[PDB]
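Q: Provided hereafter are the protein sequence and its experimental coordinates.
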Amino acid sequence: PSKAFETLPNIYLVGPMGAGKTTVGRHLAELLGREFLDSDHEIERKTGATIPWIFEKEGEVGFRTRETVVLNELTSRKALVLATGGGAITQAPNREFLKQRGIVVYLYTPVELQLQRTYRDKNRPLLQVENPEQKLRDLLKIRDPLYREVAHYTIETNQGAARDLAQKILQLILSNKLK
Ligand SMILES: O=C(O)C1=C[C@@H](O)[C@@H](O)[C@H](O)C1
C-alpha cells in the first residue's frame with residue numbers, strides 16, 4: 001500500500017525523556033506502513049526485566065551494554081521506525097550505528113515539556129531524584145550537542161498532536177529527496 005516507501009531508509013528518533021519519541025514514532029510508522037519499535041521496550045522484552053530493575057541490579061553500565069547490543073541489532077533491520085532511548089547517544093558505538101544506518105531525527109524538546117511528560121513516571125531511573133528539573137537540564141546540557149551531531153534533521157517541537165509532528169518529519173525527509 002505504502003510499498004511506495006519501501007526503499008526509504010530506517011528512521012531513528014532521538015532526544016530526551018519526554019520528547020514524544022514513541023508516540024511520534026508510532027504515527028510515523030503507521031504513515032509509512034512499516035514497523036515501529038521502541039528500543040527501551042525491546043530491552044525490557046529481551047531481558048525480561050524493567051529498566052529500573054536493570055539499573056538497580058546491573059547499574060547504568062549494565063543498561064548501556066544491553067542497549068548497545070539491542071541497538072546494533074535493530075539498526076540492522078529493514079523498513080523500521082525506531083524510537084531510541086533518551087541516553088542512547090551518550091555512547092560512541094550507538095552514535096555510529098544510528099548515523100550510519102538510516103535517517104536520524106532529533107525531537108528537540110524544552111525542559112519544561114520534558115518535565116510535564118515525565119511527571120511522576122517511576123519507570124525513568126535517572127529522574128527518581130529530589131530535583132528532576134535540574135537533572136533534565138543537566139542532561140540536556142550534555143546531550144543536546146550529541147543529539148544534534150547524530151541527527152540529520154532536528155525539529156524544534158512543542159505541545160501538539162504527535163501525528164502532526166510525524167507528518168512534518170516525513171515532509172522534511174521527502175522534501176530533500178523528491179526534487
Ligand atoms: O536519558 C537516559 O539516559 C535514559 C532514558 C530512557 O529512555 C531509558 O533508556 C533509560 O531510563 C535511560
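A: Sure thing, it's come through. Numbering: from 1, shown residues only.

Q: Please name the spatially closest residue to the residue in the chain positioned nearest to the ligand (chain neighbours excluded).
A: Going by Cβ to the nearest ligand atom, the ligand is nearest to residue 87 of the chain, at 2.1 Å. For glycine as for every other residue, the C-beta is placed from the backbone atoms N, C-alpha and C. Nearest residue to residue 87, sequence neighbours excluded (Cβ to Cβ, 6 or more residues apart in numbering): residue 143, at 7.1 Å.

Q: which residues touch the one you found?
A: 16, 86, 87, 89, 90 (Cβ atoms under 8 Å, 6 or more residues apart in numbering).

Q: For it, which three-state class applies?
A: Under DSSP: H, G, I helix; E, B strand; the rest coil, residue 143 falls in the helix class.

Q: can you point me to the longest helix in this protein?
A: helix 51-74 (DSSP state H).

Q: So which elements touch it?
A: In terms of contacts (3 or more Cβ pairs under 8 Å, 6 or more residues apart in numbering; DSSP states H and E), helix 51-74 is packed against helix 39-47, helix 92-100.

Q: would CSV of those helices with distance to the ligand be doable?
A: Formatted as CSV, the helices and strands packed on helix 51-74 follow (distance: least, Cβ to the nearest ligand atom, whole Å):
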stretch, distance to the ligand
helix 39-47, 5
helix 92-100, 11
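
Q: Out of those, which is closest to residue 6?
A: For residue 6, the closest of the helices and strands packed on helix 51-74 is helix 92-100, at 20.5 Å, according to Cβ to Cβ.
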